[PDB]
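*Asks:* Okay, here's the structure, questions in a sec.
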Amino acid sequence: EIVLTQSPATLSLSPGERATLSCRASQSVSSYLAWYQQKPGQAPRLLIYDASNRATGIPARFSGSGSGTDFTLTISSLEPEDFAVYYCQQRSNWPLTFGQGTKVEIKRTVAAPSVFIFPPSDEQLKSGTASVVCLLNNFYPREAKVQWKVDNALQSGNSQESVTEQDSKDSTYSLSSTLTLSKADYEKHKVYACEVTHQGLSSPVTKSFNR
Amino acid sequence: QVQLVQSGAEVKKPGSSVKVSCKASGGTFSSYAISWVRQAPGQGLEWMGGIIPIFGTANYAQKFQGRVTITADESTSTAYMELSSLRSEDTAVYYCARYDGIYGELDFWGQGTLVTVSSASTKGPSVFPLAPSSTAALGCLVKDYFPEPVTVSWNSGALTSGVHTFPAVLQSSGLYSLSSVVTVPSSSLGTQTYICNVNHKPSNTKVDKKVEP
């Protein structure tokens with residue numbers, strides 16, 4: 001199949017700035033390359049088709065160019081609504097294939113997370129499991145590291161995490177991490193700590209509680 | 001000028017089959033090709049195959065050949081995608097779209113259909129408080145539900161400022177877990193009541209939980 005590789009994975013820009021996105025094809029797709037925008041919870045929206053034609057009703061600030069194996073989507077001046085995921089797509093050959101996507105996000109000042117730890121409730125402990133939650137609030141950029149520690153021992157393979165979409169008002173991210181173990185395993189230990197590394201922090205921040 | 005309207009969300013056990021419909025309103029269904037494209041949670045787009053309803057001719061991606069059958073009924077302007085021998089990895093939103101053979105693009109798209117494949121059974125969540133420490137942060141942990149989605153609001157949906165509701169994670173038990181938090185002034189902890197309202201529409205479950213220090 002024809003493989004489409006987009007670059008960069010993430011563009012970080014301010015409103016009003018010019019955005020340039022690239023698509024590289026494993027072999028020539030001639031002119032048969034389309035661009036789509038996608039926002040959370042929505043179907044893709046067609047922007048550009050046959051490399052350079054604007055889809056019906058798409059704003060003038062969107063344009064595409066290129067041929068063969070090299071393509072570009074340009075947003076002349078970014079509007080707040082343009083911060084989204086973009087995909088290129090070919091059909092010079094079957095199967096029809098898509099690029100892996102480029103995210104365009106709002107660049108803002110570096111902001112350190114506000115860190116909070118939450119012990120499991122007494123209500124949950126009754127059911128025989130214990131979840132310990134670490135919250136990282138309102139930070140920029142997206143890159144952050146959470147390290148769980150139980151009585152100073154580094155945990156691995158027993159936590160899951162999730163990150164919000166970039167906030168519309170302040171352009172920050174937030175992160176939640178859950179450490180999960182059974183009641184019995186939980187009662188065997190005293191100190192539960194969440195260590196946070198981020199580029200807005202001079203050194204890692206730790207929050208803990210004693211069981 | 002054309003609406004593509006898909007059937008509702010599906011929940012299936014491994015090994016079973018799902019059939020999703022895509023009804024077109026507007027335009028000329030007989031002059032169109034219809035493609036099916038899927039997207040797993042947080043991943044990219046994958047083409048499955050297509051059909052030309054006027055000829056009944058269908059094609060498929062090789063990765064799916066044998067598992068996917070695409071059909072169409074001209075009399076009802078409806079296309080169908082059947083995916084059999086379902087596995088967990090088939091959990092995704094499935095889209096129908098109009099494929100334009102002149103340039104190779106997909107212009108009209110359906111709203112999408114969520115298909116969740118798992119051995120788990122439709123189950124309501126347990127809601128546990130994330131009590132504020134002794135600006136403060138408090139929240140709720142919405143644990144052990146199936147399938148997606150859940151909605152969380154604070155104080156009957158009236159408190160919206162400073163709320164973050166995180167994407168759910170999929171646990172190895174096959175059940176989902178989500179947290180929702182809100183930052184508030186510490187001074188209001190003594191007076192202001194905080195309740196998280198959880199609605200799991202797939203199990204028709206409504207849970208309220210007051211979060212106190």
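The way I read the labels, and the way they are meant: chains A, B, ... in the order of the structure tokens, residue 1 as the first residue of every chain, and ligand 1 as the first ligand shown, with later ones counted on from there.
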Show me, as an MDAnalysis selection string, every residue of chain B with an atom at most 9 Å from chain A, counting only C-alpha atoms.
*Replies:* chainID B and resid 43:49 59:62 95 101 103:112 126:133 136:138 141 164:171 178:181 183
*Asks:* Please produce a file of the residues just selected, as an mmCIF file, in the first residue's frame, where the atoms kept are C-alpha atoms.
*Replies:*
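Once written, out-v4.cif looks like this:
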data_model
loop_
_atom_site.group_PDB
_atom_site.id
_atom_site.type_symbol
_atom_site.label_atom_id
_atom_site.label_comp_id
_atom_site.auth_asym_id
_atom_site.auth_seq_id
_atom_site.Cartn_x
_atom_site.Cartn_y
_atom_site.Cartn_z
ATOM 1 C CA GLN B 43 -5.674 6.709 16.843
ATOM 2 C CA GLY B 44 -5.701 7.589 13.129
ATOM 3 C CA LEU B 45 -8.013 6.758 10.239
ATOM 4 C CA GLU B 46 -8.210 3.379 8.523
ATOM 5 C CA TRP B 47 -10.094 2.595 5.289
ATOM 6 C CA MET B 48 -12.015 -0.699 5.283
ATOM 7 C CA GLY B 49 -13.557 -0.805 1.822
ATOM 8 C CA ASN B 59 -13.784 -3.627 -2.701
ATOM 9 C CA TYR B 60 -11.881 -4.148 0.552
ATOM 10 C CA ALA B 61 -8.558 -3.563 2.266
ATOM 11 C CA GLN B 62 -6.620 -6.866 2.397
ATOM 12 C CA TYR B 95 -17.660 6.144 9.565
ATOM 13 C CA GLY B 101 -13.803 8.759 -7.822
ATOM 14 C CA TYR B 103 -10.254 13.085 -7.423
ATOM 15 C CA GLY B 104 -10.069 10.360 -4.754
ATOM 16 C CA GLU B 105 -11.420 12.370 -1.811
ATOM 17 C CA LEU B 106 -14.147 11.743 0.799
ATOM 18 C CA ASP B 107 -16.537 14.721 0.915
ATOM 19 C CA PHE B 108 -19.723 13.739 2.787
ATOM 20 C CA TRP B 109 -19.274 11.869 6.109
ATOM 21 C CA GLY B 110 -21.687 10.162 8.505
ATOM 22 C CA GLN B 111 -21.739 11.065 12.212
ATOM 23 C CA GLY B 112 -19.965 7.805 13.085
ATOM 24 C CA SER B 126 -19.057 3.071 41.185
ATOM 25 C CA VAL B 127 -18.508 6.690 42.216
ATOM 26 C CA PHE B 128 -15.927 7.497 44.891
ATOM 27 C CA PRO B 129 -15.015 10.937 46.251
ATOM 28 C CA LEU B 130 -11.623 12.554 45.723
ATOM 29 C CA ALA B 131 -11.839 14.683 48.868
ATOM 30 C CA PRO B 132 -9.925 17.998 49.045
ATOM 31 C CA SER B 133 -6.695 18.109 51.096
ATOM 32 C CA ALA B 136 -8.271 23.560 46.524
ATOM 33 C CA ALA B 137 -8.843 20.539 44.258
ATOM 34 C CA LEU B 138 -11.618 17.997 44.687
ATOM 35 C CA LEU B 141 -13.472 8.777 40.567
ATOM 36 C CA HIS B 164 -11.593 19.000 34.113
ATOM 37 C CA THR B 165 -13.161 15.693 33.132
ATOM 38 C CA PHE B 166 -10.457 13.356 31.922
ATOM 39 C CA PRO B 167 -10.639 10.757 29.135
ATOM 40 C CA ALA B 168 -11.425 7.299 30.512
ATOM 41 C CA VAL B 169 -8.732 4.630 30.695
ATOM 42 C CA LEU B 170 -9.367 0.995 29.823
ATOM 43 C CA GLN B 171 -8.365 -1.334 32.672
ATOM 44 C CA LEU B 178 -12.524 8.054 34.686
ATOM 45 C CA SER B 179 -11.848 10.962 37.027
ATOM 46 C CA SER B 180 -13.386 14.433 37.105
ATOM 47 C CA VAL B 181 -11.942 17.289 39.127
ATOM 48 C CA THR B 183 -10.526 23.564 41.539
#
*Asks:* Report the residues of segment 108-209 of chain A whose backbone DSSP state falls under strand (DSSP E or B), written as a ChimeraX atom specification.
*Replies:* /A:111,114-118,129-140,145-150,153-154,159-163,173-182,191-197,205-209
*Asks:* Pick the closest to residue 78 of chain B from B:29, B:154, B:94, B:176: which is it, counting only C-alpha atoms?
*Replies:*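 Closest candidate: B:29.
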*Asks:* List the spatial neighbours of segment 197-206 of chain A as a list in words - criterion: any atom at most 9 Å away, only C-alpha atoms, same-chain residues fewer than 3 positions off excluded.
*Replies:*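 Here the answer would be residues 110, 111, 112, 113, 115, 139, 140, 141, 143, 144, 145, 146, 147, 193 and 194 of chain A.
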*Asks:* So how far away is atom CA of residue 92 of chain B from atom CA of residue 55 of chain B, in Å?
*Replies:*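 Going from atom CA of residue 55 of chain B over to atom CA of residue 92 of chain B, I get 28.9 Å.
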*Asks:* Do you have the atom CA of residue 155 of chain B-atom CA of residue 39 of chain A distance handy?
*Replies:*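 Taking atom CA of residue 155 of chain B as the start and atom CA of residue 39 of chain A as the end point, the length is 27.7 Å.
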*Asks:* Using only C-alpha atoms, determine which residues lie at most 9 Å from residue 201 of chain B, disregarding the query and same-chain residues fewer than 6 positions distant; provide the list as a PyMOL selection string.
*Replies:* chain B and resi 148-151
